[PDB]
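Next up: a single chain in structure tokens, the form deposited in one PDB entry.
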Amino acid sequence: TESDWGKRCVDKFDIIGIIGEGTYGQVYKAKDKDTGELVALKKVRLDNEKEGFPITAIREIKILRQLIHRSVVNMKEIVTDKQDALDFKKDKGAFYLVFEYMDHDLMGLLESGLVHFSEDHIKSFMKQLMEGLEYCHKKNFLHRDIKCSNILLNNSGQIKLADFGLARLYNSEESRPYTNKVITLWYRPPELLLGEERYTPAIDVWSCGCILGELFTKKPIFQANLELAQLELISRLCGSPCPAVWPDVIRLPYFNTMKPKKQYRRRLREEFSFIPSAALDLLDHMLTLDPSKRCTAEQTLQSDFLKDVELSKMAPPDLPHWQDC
């Protein structure tokens, strides 16, 4: 049946190209020989066998088969390299995780700069991302690695979230030890820079806010190389962490250690004054220092900016393709 994963062979896909590099293997674009639909194939290599099947792939297989949303990538199946070995120890064949292929990634479109996104596009884009994150956050999963490179967009205009390699279940009732740094520095929230270790789902909200600003400037907001320089840039815009705005900042391991140059005042509304009012308020709420005062995914959907956005008729991305030559 369609449920018997891990037995079909990769012979069923004509390999087209190398779309990307992944943590457990390289990602390839392929075409299904039987249906013609284009897929994306992630090669999971267990041959290194340092610790067997990679845990990052296990997270992506466990979570993405449980989560089905228009804005989260669909894992179609898992296929094996070849059953020829005939002996289990001799077999080193890799496994491939099949996904629906996506034409473009958010970083790629911005980095080339060919695409200029209107407010209406941004509304359509952000509503999809937050609706997807709401589905995951409601099912008690945390992405923990939300960057532009992990936001896929097809030419139709549908957005899907994809890299769940670091995704883990979150329990509010039971405090659990976690990883100290999960999100990429540019999109990492301030608490994780100060080493919270017990992070809330509001970590992903901060990243999505960094994207919201980025879509209006076409340049990432907080670009740094080191964790302290990043906290300084955030502080120049959002204000320095202090008990006045984040009563529990004192409980964080590096609060006394990682002080910014000054105790800066918040200027977010000044430096982003060129943004529409409905959008600027969303940015201000998402980019709140105290994760317990930072808005939730649902709250973003119930905002003046995204609430009335009808996704039935969505504006397609203006990914230009003539006169660029």
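Definition used throughout: the rigid core is the maximal C-alpha set that superposes within 1.5 Å between two forms. Residues carry their position along the shown sequence, with the first being 1.
Form deposited in another entry: not shown, discussed below.
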item	value
Option from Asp120, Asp248, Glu111, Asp84 moving between the shown form and the other one, CA shift at or above 2 Å, rigid core reference	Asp84
Threshold 2 Å Cα movement between the shown form and the other one for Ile55, core superposed	yes
Per-residue C-alpha change between the shown form and the other one, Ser273, threshold 2 Å, rigid core fit	no
Did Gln26 shift 2 Å or more between the shown form and the other one, C-alpha, core superposed	yes
Inter-Cα distance between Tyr24 and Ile183 in the other entry, nearer or further [3 Å or more]	closer
Sense of CA distance change between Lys82 and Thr23 in the other entry, threshold 3 Å	farther
